[PDB]
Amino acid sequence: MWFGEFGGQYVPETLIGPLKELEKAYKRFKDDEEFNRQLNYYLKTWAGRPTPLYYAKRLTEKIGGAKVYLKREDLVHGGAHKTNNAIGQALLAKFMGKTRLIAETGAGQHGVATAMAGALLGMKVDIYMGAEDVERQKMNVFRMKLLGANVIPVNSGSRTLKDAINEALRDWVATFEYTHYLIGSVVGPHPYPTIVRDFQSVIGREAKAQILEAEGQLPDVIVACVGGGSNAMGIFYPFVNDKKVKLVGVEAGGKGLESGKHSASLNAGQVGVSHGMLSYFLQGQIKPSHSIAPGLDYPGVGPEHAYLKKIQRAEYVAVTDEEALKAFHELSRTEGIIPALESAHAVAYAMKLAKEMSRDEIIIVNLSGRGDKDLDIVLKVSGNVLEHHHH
């Protein structure tokens, strides 16, 4: 239910019924032999798990400090970690007898992942997406439609991710008998922060096994970008009880923390109740975020991160648009890996942190997705660079 003070289930009575049935089913099926037979089968044969853990040898040597490893969620089917949660919850929906999936999306990656998982399991898919996001993500919207999903543009409110979540919750209240609302991050009312984190925890379990195989020891630091916080919780959670392992979440610093154009909810947000949970939200109404990374757009953050921040188990930092863009280019040129702009925030901070650390020490960076989806954004900025040759 709660993570310290944070999280909870602060919703109207119309949502209590749907959420209670979801909790019961989840407790029912999470450790069921037949459910896990199918989930592991799809994660293996369809999604391509396990993803590798890659030693960024050239990057490590260039910086001249700590060893930089990359957990390669960019290689998951769909090109992002979102698929892990999409498969888990969609299979849960199938086991519950649901025939329809709905989901919110901002960047379009979770919408694509949900569309993919729904197509896989023969379920109807409607994706709620803010009209301003629909406009910025033409090709992800087209991907969703190719996969058999319908994209419902949300014209209410600010026409962004927060509004898409609002419309999806309204839909689910009416249609929960046959519809499962597939939330895409560790956010919303209980049991969603737990369910999404549980379905992303495979990342950390693989990473722990892989780093023990590669280095004979646990990492000194784990760095992941934090939007809502699902990829970060996925890689963090299996290391939480290893006190050796430092955990660093990287939020979108945008145009600077002083500018008020960022998505650093943990850093500069206010504690409040929204979307059925107590957590940090940026504001005194909740406002749309800003980041070069379309995926770091949720105005709040998961309550388990708010908890880990308060008990000082994880540190949370910010990286600017400029810094993330530099890391996008650096990783591409140095390791031949084009990262998602979300993931590039984590790469950017890991590079700064590696410089200050010892050559015997180990950083794992969660590479939450690949950057094919971001090429239009990077082309637009790269085309506008003045004297690109000598700079």
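A residue's number is simply how far along the shown sequence it sits, counting from 1.
Unmodelled deposited residues between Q283 and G284: 1 to 3, per the record.
Mean CA temperature factor is higher for 34 to 42 when stretches 34 to 42 and 329 to 337 are set side by side in the entry. Legend: mean Cα B-factor per stretch from the PDB entry, 10 to 18 versus 367 to 375; the higher mean is in 10 to 18. Listed residues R205, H290, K71, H305 were ranked by CA B-factor as deposited; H290 comes out on top. Of the candidates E213, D126, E104, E258, it is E258 whose Cα B-factor is highest according to the PDB record. Residue-level temperature factors show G148 in the middle third of its chain, judged at the C-alpha atom. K62: CA B factor lies in the middle third for its chain, per the PDB record. Looking at the C-alpha B-factors along this chain, the one for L121 belongs to the middle third. Per the PDB record, residue ranking by Cα B-factor puts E135 in the highest third of the chain.
Ranked against the other modelled residues of its chain, the C-alpha B-factor of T99 as given in the entry falls in the middle third.
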